[PDB]
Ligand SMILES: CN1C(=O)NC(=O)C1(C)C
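Starting off, we have a lone chain in the form deposited without this ligand, written out as structure tokens.
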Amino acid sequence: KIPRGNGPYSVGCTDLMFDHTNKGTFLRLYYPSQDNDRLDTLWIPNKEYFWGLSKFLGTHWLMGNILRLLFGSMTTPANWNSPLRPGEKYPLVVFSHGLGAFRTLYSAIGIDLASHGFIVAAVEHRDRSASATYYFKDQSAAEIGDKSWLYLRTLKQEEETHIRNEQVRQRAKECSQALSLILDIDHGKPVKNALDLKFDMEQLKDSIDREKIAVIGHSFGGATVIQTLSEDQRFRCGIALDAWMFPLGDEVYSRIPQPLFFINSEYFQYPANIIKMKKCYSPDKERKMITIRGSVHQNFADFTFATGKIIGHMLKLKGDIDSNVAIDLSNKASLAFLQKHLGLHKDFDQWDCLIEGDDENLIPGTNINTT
């Protein structure tokens, strides 16, 4: 089980694709919901995501079929297509997934943020960093639901620097484009969802606290946070969850005026990566860094709740720390950070001490020595 949100709001979930092309926005929306008696949300909704997952893990696509057998009916505790909770303007998080992931795989984060009164737009990237994604070749294909699938691209050694940087820049553009889509919907601009789903986008009219915008992401998505902030000032702060810094250009590091929070796992980080995080620091800039004790890279993803403790530890989906304990720390410290830098009038400041790494299961800053 993916945990339910800890906040007071019920959580809805829907998908939005606009336009229908490989250049349009595809996102999964998590939102405060009016109702709590809908069907739970299908975690991985299409067989082709399992094929892409199997390719990314370096197995035969038939292991994809076995993963589908084991996980294809798994749900996440968000009310599918629930009406939006009316009568409040919600701050907006745009969320960026890791390499091999896609929009649906950070629901523990998305649901928790929504349960505290956020709208969350979890982007599906079309940079070939997702294990799979889909779109429609044209308007006829969209109408009949004839999906075109795009699978993870594997790189040769000498494509690494260049293609990862091309990908992070496309990812930033996709985050900006998703923001603009949501902001235009918030006006009441008619948008016809390329997916035929029983959620009226007209509900989102006048629902966004238009100045309270953040970008959050894991791993590749953590780099995407930083790229996005340097190029789109509409984002007011960023949270990089165990950022993989390698994709970022040399130019970005001095170009991030917004507050930035690094939440790291203990066992992923390494000096080359920490050195790159430290390049984002300047005395005029607001920077914070914490490390979750006993955690691994995938503690931020829903894969951490998908198996038992032994299989979990074996597959590096779980660390020595309990997965619920770890995600609570990351989500609560995130809430306090967003309250501070978005200027929210909630009670998230109760977790301010977590921003400083002041907890038995937190390391202030980093465990990694860079000398």
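Position 1 is the first residue in the sequence shown; the rest follow in order.
Keep in mind the form deposited with this ligand bound is missing from the figure; the text below concerns it.
**Student:** Answer with one of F199, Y90, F268, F262: the residue that has a non-hydrogen atom within 4.5 Å of this ligand in the bound PDB entry.
**Tutor:** Flagged contact: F268.
**Student:** Among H297, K288, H125, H116, which has at least one heavy atom within 4.5 Å of this ligand in the bound PDB entry?
**Tutor:** Looking at the other structure, the residue within range turns out to be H297.
**Student:** Within 4.5 angstroms, counting heavy atoms, which one of the listed stretches 280 to 288, 253 to 261, 205 to 213, 218 to 226 is next to this ligand in the bound PDB entry?
**Tutor:** Heavy atoms within 4.5 Å of this ligand in the bound PDB entry occur in 218 to 226.
**Student:** Just checking whether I163 would be counted as a contact of this ligand in the bound PDB entry - the rule being heavy atoms within 4.5 angstroms.
**Tutor:** Judged by the heavy-atom cut-off of 4.5 Å, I163 is well away from this ligand in the bound PDB entry.
**Student:** How about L99: is it within 4.5 Å of this ligand in the bound PDB entry, going by heavy atoms?
**Tutor:** Looking in the bound PDB entry, residue contacts with this ligand include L99, since a heavy atom lies within 4.5 Å.
**Student:** Using the partner position in the bound PDB entry, report whether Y135 sits within 4.5 Å of this ligand, counting heavy atoms only.
**Tutor:** No, no contact at 4.5 Å.
**Student:** Can you work out whether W244 and this ligand are in contact in the bound PDB entry, taking contact to mean some heavy atom pair no more than 4.5 Å apart?
**Tutor:** Yes, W244 is a contact residue.
**Student:** Across 47 to 82, which residues bring a heavy atom to within 4.5 Å of this ligand in the bound PDB entry?
**Tutor:** Only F56 sits within 4.5 Å of the partner.
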